[PDB]
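As stored in model-v9.cif (mmCIF, C-alpha atoms):
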```
data_query
loop_
_atom_site.label_atom_id
_atom_site.label_comp_id
_atom_site.auth_asym_id
_atom_site.auth_seq_id
_atom_site.Cartn_x
_atom_site.Cartn_y
_atom_site.Cartn_z
CA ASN F 1364 16.63 57.73 2.03
CA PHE F 1365 17.20 59.06 -1.53
CA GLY F 1366 21.02 58.86 -1.83
CA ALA F 1367 22.90 61.87 -3.28
CA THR F 1368 25.40 61.83 -6.19
CA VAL F 1369 28.11 64.25 -7.42
CA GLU F 1370 28.82 64.59 -11.16
CA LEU F 1371 31.54 66.60 -12.94
CA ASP F 1372 31.71 67.54 -16.64
CA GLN F 1373 35.25 66.33 -17.39
CA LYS F 1374 37.17 63.34 -15.95
CA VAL F 1375 40.35 65.45 -16.53
CA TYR F 1376 40.48 69.29 -16.42
CA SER F 1377 43.13 71.97 -17.14
CA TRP F 1378 44.34 74.94 -15.04
CA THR F 1379 42.22 78.17 -15.19
CA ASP F 1380 39.35 75.95 -16.53
CA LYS F 1381 35.70 76.37 -15.41
CA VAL F 1382 34.04 73.57 -13.37
CA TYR F 1383 30.27 72.96 -13.19
CA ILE F 1384 29.02 70.76 -10.29
CA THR F 1385 25.61 68.96 -10.26
CA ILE F 1386 24.53 67.43 -6.91
CA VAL F 1387 21.32 65.35 -7.33
CA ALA F 1388 20.10 65.23 -3.70
CA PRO F 1389 16.27 65.08 -3.75
CA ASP F 1390 16.07 64.80 0.08
CA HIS F 1391 17.15 68.50 0.45
CA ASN F 1392 14.00 69.85 -1.37
CA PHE F 1393 12.69 71.28 1.93
CA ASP F 1394 10.17 73.77 0.48
CA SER F 1395 8.38 73.00 -2.83
CA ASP F 1396 7.99 76.74 -3.67
CA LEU F 1397 11.55 77.91 -2.73
CA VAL F 1398 14.95 77.41 -4.47
CA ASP F 1399 16.83 75.38 -1.81
CA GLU F 1400 20.49 76.05 -0.88
CA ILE F 1401 23.02 73.50 0.42
CA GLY F 1402 26.57 73.85 1.72
CA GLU F 1403 26.51 77.28 3.48
CA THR F 1404 26.14 75.96 7.10
CA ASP F 1405 28.16 74.10 9.78
CA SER F 1406 25.29 71.53 9.87
CA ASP F 1407 25.49 71.02 6.06
CA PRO F 1408 28.93 72.07 4.75
CA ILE F 1409 30.43 71.60 1.25
CA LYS F 1410 34.07 72.19 0.33
CA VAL F 1411 35.79 72.41 -3.09
CA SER F 1412 39.54 71.83 -2.73
CA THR F 1413 42.73 71.20 -4.72
CA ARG F 1414 46.11 70.16 -3.21
CA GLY F 1415 47.12 73.35 -1.28
CA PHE F 1416 43.94 75.52 -1.46
CA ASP F 1417 40.24 75.09 -0.60
CA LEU F 1418 36.89 76.93 -0.51
CA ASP F 1419 34.80 75.99 2.57
CA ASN F 1420 31.07 76.53 3.20
CA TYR F 1421 30.51 77.00 -0.57
CA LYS F 1422 26.90 77.41 -1.78
CA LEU F 1423 24.94 75.36 -4.34
CA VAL F 1424 21.37 76.26 -5.44
CA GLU F 1425 18.38 74.31 -6.82
CA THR F 1426 17.78 74.42 -10.62
CA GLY F 1427 14.00 74.96 -10.23
CA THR F 1428 11.81 75.24 -7.06
CA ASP F 1429 10.74 71.52 -6.78
CA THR F 1430 13.31 69.82 -9.09
CA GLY F 1431 15.68 68.75 -6.28
CA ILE F 1432 18.86 69.25 -8.43
CA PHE F 1433 21.61 71.58 -7.09
CA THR F 1434 24.30 73.21 -9.26
CA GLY F 1435 27.26 75.60 -9.03
CA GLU F 1436 30.47 76.63 -10.80
CA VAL F 1437 34.03 77.51 -9.74
CA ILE F 1438 36.82 79.13 -11.77
CA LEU F 1439 40.31 77.58 -11.45
CA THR F 1440 43.06 80.25 -11.51
CA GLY F 1441 46.50 78.51 -11.57
CA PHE F 1442 49.60 80.03 -9.88
CA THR F 1443 50.95 83.57 -10.39
CA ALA F 1444 54.65 82.52 -10.84
CA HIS F 1445 54.73 81.31 -14.48
CA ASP F 1446 55.00 82.39 -18.15
CA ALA F 1447 52.43 80.46 -20.24
CA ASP F 1448 53.11 83.08 -23.00
CA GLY F 1449 56.97 82.78 -22.71
CA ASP F 1450 57.28 86.59 -23.26
CA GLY F 1451 59.37 86.91 -20.02
CA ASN F 1452 57.10 88.90 -17.59
CA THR F 1453 55.29 86.62 -15.03
CA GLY F 1454 51.68 86.70 -13.68
CA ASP F 1455 49.96 85.21 -16.79
CA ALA F 1456 47.38 83.50 -14.49
CA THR F 1457 46.58 85.33 -11.21
CA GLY F 1458 46.51 82.92 -8.23
CA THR F 1459 43.37 83.98 -6.33
CA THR F 1460 40.93 82.11 -4.06
CA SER F 1461 37.64 83.66 -2.85
CA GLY F 1462 33.82 83.62 -3.24
CA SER F 1463 31.04 81.83 -1.31
CA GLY F 1464 28.22 81.99 -3.94
CA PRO F 1465 26.85 79.31 -6.30
CA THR F 1466 28.84 80.66 -9.31
CA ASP F 1467 31.48 83.23 -8.13
CA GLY F 1468 34.07 80.67 -6.85
CA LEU F 1469 37.80 81.25 -7.57
CA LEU F 1470 40.30 78.48 -6.72
CA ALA F 1471 44.13 78.44 -7.08
CA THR F 1472 45.84 75.42 -8.69
CA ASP F 1473 49.25 73.81 -9.47
CA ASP F 1474 50.66 72.63 -12.85
CA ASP F 1475 49.93 68.97 -11.92
CA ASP F 1476 47.16 68.66 -9.31
CA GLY F 1477 43.81 67.10 -8.29
CA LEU F 1478 40.35 68.53 -7.54
CA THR F 1479 37.67 67.15 -5.19
CA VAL F 1480 34.19 68.26 -4.05
CA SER F 1481 32.85 67.05 -0.68
CA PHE F 1482 29.25 67.15 0.64
CA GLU F 1483 28.00 66.21 4.13
CA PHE F 1484 24.27 65.68 3.45
CA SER F 1485 23.73 64.01 6.88
CA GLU F 1486 26.00 64.21 9.97
CA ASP F 1487 28.95 61.72 9.76
CA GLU F 1488 28.32 60.79 6.08
CA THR F 1489 29.92 62.52 3.04
CA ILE F 1490 29.91 62.13 -0.75
CA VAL F 1491 32.86 63.16 -2.97
CA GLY F 1492 33.55 63.77 -6.67
CA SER F 1493 37.13 64.00 -7.96
CA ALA F 1494 38.99 65.06 -11.13
CA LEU F 1495 42.58 65.54 -12.39
CA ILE F 1496 44.38 68.76 -13.45
CA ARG F 1497 47.08 68.26 -16.11
CA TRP F 1498 48.88 70.44 -18.68
CA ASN F 1499 48.61 69.46 -22.34
CA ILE F 1500 50.78 69.54 -25.51
CA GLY F 1501 49.95 71.91 -28.39
CA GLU F 1502 48.68 70.93 -31.86
CA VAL F 1503 49.38 73.23 -34.86
CA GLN F 1504 48.30 72.82 -38.52
CA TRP F 1505 47.52 74.99 -41.58
CA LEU F 1506 43.90 74.63 -42.80
CA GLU F 1507 45.10 73.75 -46.37
CA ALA F 1508 48.19 71.72 -47.51
CA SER F 1509 48.97 74.06 -50.48
CA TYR F 1510 48.28 77.80 -50.97
CA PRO F 1511 48.55 80.19 -53.96
CA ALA F 1512 51.38 82.77 -54.18
CA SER F 1513 48.85 85.64 -53.55
CA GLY F 1514 46.31 83.94 -51.20
CA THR F 1515 45.74 84.51 -47.45
CA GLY F 1516 46.79 82.05 -44.70
CA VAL F 1517 44.94 80.87 -41.56
CA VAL F 1518 46.60 78.46 -39.06
CA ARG F 1519 44.77 76.59 -36.24
CA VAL F 1520 46.49 75.87 -32.88
CA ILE F 1521 44.84 73.67 -30.16
CA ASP F 1522 46.24 73.98 -26.62
CA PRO F 1523 43.59 73.82 -23.83
CA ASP F 1524 46.24 75.16 -21.35
CA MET F 1525 46.10 78.60 -23.07
CA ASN F 1526 42.45 79.16 -21.97
CA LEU F 1527 43.68 81.78 -19.41
CA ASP F 1528 40.13 83.23 -19.03
CA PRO F 1529 37.30 80.66 -19.45
CA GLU F 1530 34.62 83.40 -19.70
CA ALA F 1531 36.63 85.52 -22.23
CA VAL F 1532 38.36 85.13 -25.61
CA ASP F 1533 42.19 84.92 -25.29
CA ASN F 1534 44.96 85.87 -27.79
CA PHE F 1535 48.68 84.95 -28.00
CA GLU F 1536 51.42 85.38 -30.64
CA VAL F 1537 52.62 82.52 -32.89
CA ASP F 1538 55.82 83.10 -34.95
CA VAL F 1539 55.53 82.89 -38.78
CA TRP F 1540 58.53 82.94 -41.16
CA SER F 1541 59.32 81.64 -44.67
CA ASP F 1542 62.41 80.42 -46.61
CA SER F 1543 62.68 83.84 -48.37
CA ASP F 1544 62.60 85.78 -45.03
CA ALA F 1545 63.78 83.84 -41.93
CA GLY F 1546 62.95 86.94 -39.75
CA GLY F 1547 59.25 86.48 -40.61
CA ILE F 1548 56.34 87.83 -38.49
CA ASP F 1549 54.51 87.27 -35.17
CA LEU F 1550 50.98 85.90 -35.90
CA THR F 1551 48.39 86.90 -33.24
CA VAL F 1552 45.96 83.93 -32.98
CA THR F 1553 42.61 84.37 -31.16
CA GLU F 1554 40.14 82.04 -29.40
CA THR F 1555 37.02 81.03 -31.45
CA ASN F 1556 34.89 80.82 -28.23
CA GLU F 1557 35.50 81.93 -24.64
CA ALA F 1558 36.14 78.38 -23.32
CA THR F 1559 37.00 76.24 -26.39
CA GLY F 1560 40.81 76.84 -26.28
CA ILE F 1561 41.05 76.76 -30.14
CA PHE F 1562 43.00 79.68 -31.69
CA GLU F 1563 43.19 80.97 -35.32
CA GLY F 1564 44.83 83.91 -37.15
CA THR F 1565 45.23 85.40 -40.66
CA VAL F 1566 48.32 86.27 -42.76
CA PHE F 1567 48.57 88.09 -46.12
CA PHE F 1568 50.90 86.58 -48.78
CA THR F 1569 53.03 89.20 -50.58
CA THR F 1570 55.72 88.33 -53.19
CA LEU F 1571 56.79 91.88 -54.18
CA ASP F 1572 57.12 93.56 -50.72
CA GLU F 1573 58.73 93.21 -47.23
CA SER F 1574 57.16 90.90 -44.59
CA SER F 1575 55.55 93.18 -41.95
CA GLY F 1576 52.63 92.78 -39.47
CA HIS F 1577 50.56 89.84 -40.88
CA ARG F 1578 52.13 90.02 -44.40
CA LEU F 1579 54.74 87.35 -45.26
CA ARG F 1580 57.18 87.68 -48.22
CA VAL F 1581 57.21 84.32 -50.04
CA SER F 1582 58.14 82.81 -53.45
CA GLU F 1583 57.11 79.94 -55.76
CA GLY F 1584 57.68 76.50 -54.12
CA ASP F 1585 58.75 78.22 -50.85
CA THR F 1586 57.74 76.37 -47.65
CA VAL F 1587 56.33 78.61 -44.88
CA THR F 1588 56.66 77.77 -41.16
CA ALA F 1589 54.55 78.70 -38.10
CA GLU F 1590 55.82 77.52 -34.67
CA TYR F 1591 54.21 77.65 -31.19
CA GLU F 1592 56.37 77.45 -28.02
CA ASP F 1593 54.49 75.31 -25.45
CA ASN F 1594 55.34 76.85 -22.02
CA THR F 1595 52.67 74.59 -20.39
CA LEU F 1596 53.81 70.98 -20.92
CA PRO F 1597 52.98 67.92 -18.76
CA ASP F 1598 55.23 64.98 -17.67
CA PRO F 1599 57.64 63.52 -18.63
CA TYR F 1600 58.63 67.20 -19.26
CA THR F 1601 59.16 69.64 -16.36
CA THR F 1602 57.86 73.14 -15.45
CA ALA F 1603 61.01 74.60 -17.13
CA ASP F 1604 61.02 72.62 -20.46
CA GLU F 1605 60.05 74.73 -23.55
CA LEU F 1606 59.06 72.42 -26.44
CA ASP F 1607 58.39 73.97 -29.90
CA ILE F 1608 55.48 72.66 -32.02
CA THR F 1609 55.47 73.83 -35.66
CA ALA F 1610 53.61 73.18 -38.92
CA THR F 1611 54.60 73.79 -42.56
CA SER F 1612 52.90 74.23 -45.94
CA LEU F 1613 54.23 74.71 -49.52
CA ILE F 1614 53.27 77.57 -51.90
CA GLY F 1615 52.93 75.99 -55.39
CA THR F 1616 51.14 77.71 -58.33
#
```

Here is a file; write its structure as structure tokens.
Amino acid sequence: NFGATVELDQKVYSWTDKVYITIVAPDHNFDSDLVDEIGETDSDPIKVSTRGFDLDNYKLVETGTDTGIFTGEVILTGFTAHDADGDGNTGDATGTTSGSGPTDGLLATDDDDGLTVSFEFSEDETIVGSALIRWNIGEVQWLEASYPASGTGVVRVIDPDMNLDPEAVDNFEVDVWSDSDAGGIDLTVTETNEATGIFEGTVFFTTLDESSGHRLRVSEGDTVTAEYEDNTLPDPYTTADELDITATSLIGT
């Protein structure tokens, strides 16, 4: 009678985020020279579920042959009817649910939701681990308060909701304009690591030419502005609210 436990990485998650599960159930170490599997049978089922969708008879595998620790991972996917980008064509996050392996799990999700993992280690007893799924606001700032008239600009935006692929680096367009040219440019920011959700991009400062691509026409003591439109915003806001987060810096020589 070695009780089992379920642990999850984060108390709160985000949509399209990657979950790792660790079940410490020493009593299921049947063979000392074999990596033991739990959850694939009617006798010993597991099920990972969110409100609306579930994966049943999922599989978890032992870390080493006689360790007695079982692990797995599932990829959240969100719902296909949304624009996280705000560019006007939907299907930013494919809503798919499949897989019965230790690692190849795909699970659909809602904007505000809950996740649970259930394990029946013995008949008529279960153990559960739960977590929340919430959207998040964006955070935007320039790296430096002041820049020279001929320097280069990098701006950092932090929105965990924009991690559309947790195993890949993601890119989206921030808008950059200055007092001299209100039209400005569209800054393509990119993810530093495949699942960090931190984005950065680079702009050239010109004074004697048009603002095009990542070049921005500016002048002495001219404040520059970069704004991010948060299409993925939690309560009190709704699924339709489009809040704008922006940051500014002054060019003084």

Enumerate, as a compact mmCIF listing (two decimals) with C-alpha atoms, in the coordinates of the input, the residues matched when the PyMOL selection byres ((chain F and resi 1529-1538) around 6) is run on the file above.
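See result.txt below for the written result:
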```txt
# COMPACT_ATOMS: atom_id res chain seq x y z
CA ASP F 1380 39.35 75.95 -16.53
CA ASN F 1526 42.45 79.16 -21.97
CA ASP F 1528 40.13 83.23 -19.03
CA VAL F 1539 55.53 82.89 -38.78
CA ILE F 1548 56.34 87.83 -38.49
CA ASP F 1549 54.51 87.27 -35.17
CA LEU F 1550 50.98 85.90 -35.90
CA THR F 1551 48.39 86.90 -33.24
CA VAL F 1552 45.96 83.93 -32.98
CA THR F 1553 42.61 84.37 -31.16
CA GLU F 1554 40.14 82.04 -29.40
CA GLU F 1557 35.50 81.93 -24.64
CA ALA F 1558 36.14 78.38 -23.32
CA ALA F 1589 54.55 78.70 -38.10
CA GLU F 1590 55.82 77.52 -34.67
CA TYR F 1591 54.21 77.65 -31.19
```

* Name the residues in contact with residue F:1428 at a cut-off of 9 Å, using only C-alpha atoms, excluding same-chain residues fewer than 3 positions from it; report them as a PyMOL selection string. => chain F and resi 1392+1394-1399+1425+1431

* **Residue contacts of residue F:1407 (10 Å, all atoms listed in the file) excluding same-chain residues fewer than 6 positions away, as a list in words** => residues 1400, 1401, 1420, 1482, 1483, 1484, 1485 and 1486 of chain F

Produce a file of the selected residues containing C-alpha atoms, as a PDB file, in the frame of the given file.
```
ATOM      1  CA  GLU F1400      20.490  76.050  -0.880  1.00  0.00           C
ATOM      2  CA  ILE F1401      23.020  73.500   0.420  1.00  0.00           C
ATOM      3  CA  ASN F1420      31.070  76.530   3.200  1.00  0.00           C
ATOM      4  CA  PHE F1482      29.250  67.150   0.640  1.00  0.00           C
ATOM      5  CA  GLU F1483      28.000  66.210   4.130  1.00  0.00           C
ATOM      6  CA  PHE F1484      24.270  65.680   3.450  1.00  0.00           C
ATOM      7  CA  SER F1485      23.730  64.010   6.880  1.00  0.00           C
ATOM      8  CA  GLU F1486      26.000  64.210   9.970  1.00  0.00           C
TER       9      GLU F1486
END
```

* **Two-atom distance - atom CA of residue F:1413, atom CA of residue F:1384 (Å)** =>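 Atom CA of residue F:1384 lies 14.8 Å from atom CA of residue F:1413.
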
* To do: Select, from F:1402, F:1465, F:1516, F:1523, the residue with the minimum atom-to-atom distance to residue F:1566, counting all atoms listed in the file.
  =>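 Using all atoms listed in the file, the shortest distance to residue F:1566 belongs to F:1516.
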
With only C-alpha atoms counted and 9 Å as the cut-off, give the residues of stretch 1446-1482 of chain F in contact with stretch 1497-1503 of chain F, each with its shortest interatomic distance in Å and the pair that gives it, as a tab-separated table.
```
residue	atom	partner	partner_atom	distance
F:1473	CA	F:1497	CA	8.9
F:1474	CA	F:1498	CA	6.5
F:1475	CA	F:1497	CA	5.1
F:1476	CA	F:1497	CA	6.8
F:1477	CA	F:1497	CA	8.6
```

* Which residues match the PyMOL selection byres ((chain F and resi 1457) around 8) in the file above, as a list in words? -> residues 1440, 1441, 1442, 1443, 1454, 1455, 1456, 1458 and 1459 of chain F

Expected axis-aligned box over every listed atom of stretch 1445-1454 of chain F, 8 Å added per side, centre plus edges in Å to one decimal, as AutoDock Vina command-line options:
```
--center_x 55.5 --center_y 84.7 --center_z -18.5 --size_x 23.7 --size_y 24.4 --size_z 25.6
```

* **Counting all atoms listed in the file, the residue of F:1573, F:1524, F:1544, F:1467 that sits nearest residue F:1496** => F:1524

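Using only C-alpha atoms, the shortest contact distance between residue F:1447 and any of F:1506, F:1525, F:1613, F:1371 is found at F:1525.
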
Since fewer atoms than expected are present, regenerate N, CA, C and O atoms for stretch 1596-1608 of chain F and write them as a tab-separated table (two decimals), keeping the file's coordinate frame.
```tsv
chain	number	residue	atom	x	y	z
F	1596	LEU	N	53.55	72.35	-20.40
F	1596	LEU	CA	53.81	70.98	-20.92
F	1596	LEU	C	53.77	70.02	-19.74
F	1596	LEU	O	54.38	70.27	-18.71
F	1597	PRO	N	53.07	68.87	-19.86
F	1597	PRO	CA	52.98	67.92	-18.76
F	1597	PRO	C	54.17	66.95	-18.73
F	1597	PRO	O	55.06	67.06	-19.57
F	1598	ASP	N	54.16	66.00	-17.80
F	1598	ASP	CA	55.23	64.98	-17.67
F	1598	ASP	C	55.24	64.12	-18.93
F	1598	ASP	O	54.20	63.96	-19.57
F	1599	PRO	N	56.38	63.55	-19.38
F	1599	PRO	CA	57.64	63.52	-18.63
F	1599	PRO	C	58.41	64.85	-18.50
F	1599	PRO	O	59.33	64.95	-17.68
F	1600	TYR	N	58.00	65.85	-19.27
F	1600	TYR	CA	58.63	67.20	-19.26
F	1600	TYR	C	58.43	67.86	-17.90
F	1600	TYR	O	57.59	67.42	-17.10
F	1601	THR	N	59.19	68.91	-17.65
F	1601	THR	CA	59.16	69.64	-16.36
F	1601	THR	C	58.53	71.02	-16.56
F	1601	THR	O	58.17	71.38	-17.69
F	1602	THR	N	58.41	71.76	-15.46
F	1602	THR	CA	57.86	73.14	-15.45
F	1602	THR	C	58.77	74.08	-16.24
F	1602	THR	O	58.30	75.17	-16.57
F	1603	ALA	N	60.02	73.70	-16.49
F	1603	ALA	CA	61.01	74.60	-17.13
F	1603	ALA	C	61.20	74.25	-18.61
F	1603	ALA	O	61.72	75.13	-19.33
F	1604	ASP	N	60.82	73.05	-19.05
F	1604	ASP	CA	61.02	72.62	-20.46
F	1604	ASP	C	60.18	73.49	-21.40
F	1604	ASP	O	59.05	73.85	-21.03
F	1605	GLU	N	60.73	73.86	-22.55
F	1605	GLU	CA	60.05	74.73	-23.55
F	1605	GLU	C	60.10	74.03	-24.90
F	1605	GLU	O	61.03	74.28	-25.68
F	1606	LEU	N	59.13	73.16	-25.16
F	1606	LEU	CA	59.06	72.42	-26.44
F	1606	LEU	C	58.43	73.31	-27.51
F	1606	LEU	O	57.50	74.07	-27.20
F	1607	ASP	N	58.91	73.19	-28.75
F	1607	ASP	CA	58.39	73.97	-29.90
F	1607	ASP	C	57.60	73.03	-30.81
F	1607	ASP	O	58.16	72.02	-31.27
F	1608	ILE	N	56.34	73.37	-31.04
F	1608	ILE	CA	55.48	72.66	-32.02
F	1608	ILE	C	55.31	73.58	-33.22
F	1608	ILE	O	54.97	74.75	-33.03
```
